[PDB]
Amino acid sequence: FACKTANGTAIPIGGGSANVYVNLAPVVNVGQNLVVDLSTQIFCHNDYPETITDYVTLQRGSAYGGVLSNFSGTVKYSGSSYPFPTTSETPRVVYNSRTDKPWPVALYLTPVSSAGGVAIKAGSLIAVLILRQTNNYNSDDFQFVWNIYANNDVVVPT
């Protein structure tokens, strides 16, 4: 089991960490969702599907910077939604093919009324999402840590 980003950055067997830089809607109004879809950005596969089945959860999700201070919202994982930042581990997703498959995570963040101007700064860390991988074969329990950075400023009109 291993993963990589759309940019080619890999986290190999056994886990590790990587940086993910994402483009964001440049203007978001109060009450409107800023969508951060990582399913187009993070992909993983199973390295021996002939015998092994891999199980993958969103172990933890944390907020930082302008997201921590200026937004509230949710994370959607494989079709179900939970409060973000997270308070518990999600149910698992099955990986059973060598063909790369999206990690089905997306953030839905809405600006608070009191925010004004630039709510997220270009190049700043906005979130850390931890992928946890186990299997039905041995005692492997590996974590893949994705550090999510903003490519551009996000503006909230007051």
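Numbering starts at 1 and follows the sequence shown.
A.B. asks: On mean C-alpha B-factor from the PDB entry, just flag whether 122 to 130 or 109 to 117 is the higher one.
C.D. replies: Of 109 to 117 and 122 to 130, the stretch with the higher C-alpha B-factor average is 109 to 117.
A.B. asks: Look over 57 to 65 and 22 to 30 in the entry and identify the one with the greater average Cα temperature factor.
C.D. replies: Between 57 to 65 and 22 to 30, it is 22 to 30.
A.B. asks: Per the entry's values, where does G73 land by CA temperature factor relative to the rest of its chain, in the lowest, middle or highest third?
C.D. replies: Its C-alpha B-factor, which the entry lists for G73, ranks in the middle third among residues of this chain.
A.B. asks: Would you mind ranking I11 by its C-alpha B-factor against the rest of the chain and naming the third, lowest, middle or highest?
C.D. replies: For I11, the deposited C-alpha B-factor lands in the middle third.
A.B. asks: What third of its chain, lowest, middle or highest, does the C-alpha temperature factor of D47 fall into?
C.D. replies: As the PDB entry reports it, the C-alpha B-factor of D47 lands in the lowest third of its chain.
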